[PDB]
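[1] the sequence isn't on hand, but the structure is:
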């Protein structure tokens, strides 16, 4: 539920308020942040297993 | 001018497959709307 420095934390709100060249950078920031979170969760799960 | 993707100084070295040039006459202040993904409805 965090925005990771983007203008909003909801992807549908990004795609309903920007065109296809100003929303790309915000989408990139969401991709990077959520990728980091998922990778961290996978690593903790591996050690606990 | 402006170059989007290839540096103009290093353009002299690399080789290309085919180059295409276009004839195009447009108003004076509209020249800044000829760019990838521009918001201009007239440009659209």
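    Looks like it arrived, so ask away. Residues are numbered from 1 along each chain as shown, chains lettered A, B, ... in the order given.

[2] C-alpha only now, for contacts and for neighbours.
    Fine.

[3] how much space separates residue A:19 from residue B:27?
    Computed with Cα to Cα, to the nearest Å, the distance linking residue A:19 and residue B:27 is 25 Å.

[4] who's more crowded, those two?
    residue A:19 (13 against 6; other Cα atoms under 10 Å in any protein chain shown).

[5] tell me what whichever strand or helix holds residue A:44 is packed against?
    Assigned by DSSP states H and E, residue A:44 belongs to helix A:23-48. Helix A:23-48 sits against helix A:11-15, with contacts defined as 3 or more Cα pairs under 8 Å, 6 or more residues apart in numbering or on different chains; DSSP states H and E.

[6] related to what we said a few turns ago, distance between the helix holding residue A:44 and the chain's centre?
    Chain-centre distance of helix A:23-48: 7 Å, with Cα atoms, centre = their mean, to the nearest Å.

[7] just the buried positions in it, please.
    A:23, A:26, A:30 (16 or more other Cα atoms under 10 Å in any protein chain shown).

[8] what about the closest residue to residue B:44 other than its chain neighbours, neighbour count?
    Once flanking residues are discounted, residue B:44 sits nearest to residue B:38: 8.0 Å by Cα to Cα, 6 or more residues apart in numbering or on different chains. The tally of other residues near residue B:38 (other Cα under 10 Å) stands at 14.

[9] distance of residue B:38 from residue B:30?
    11 Å.

[10] joint contacts of those two?
    In terms of Cα atoms under 8 Å, 6 or more residues apart in numbering or on different chains, residue B:38 and residue B:30 are not both contacted by any residue.

[11] quick one on the thing from earlier: of all the buried residues of helix A:23-48, which comes closest to residue B:4?
    For these, the closest approach to residue B:4 (Cα to Cα) belongs to residue A:23, at 19.5 Å.

[12] ok, that closest one touching residue A:15?
    Yes: using Cα atoms under 8 Å, residue A:23 makes contact with residue A:15 at a distance of 6.8 Å.

[13] which residue comes closest to the most centrally placed residue in chain A once chain neighbours are left out?
    Centrality entry for chain A: nearest residue to the mean C-alpha point is residue A:30, 2.2 Å, by Cα atoms, centre = their mean. Nearest in space to residue A:30, with sequence neighbours left out and distances taken as Cα to Cα, 6+ apart, is residue A:4 at 6.4 Å.
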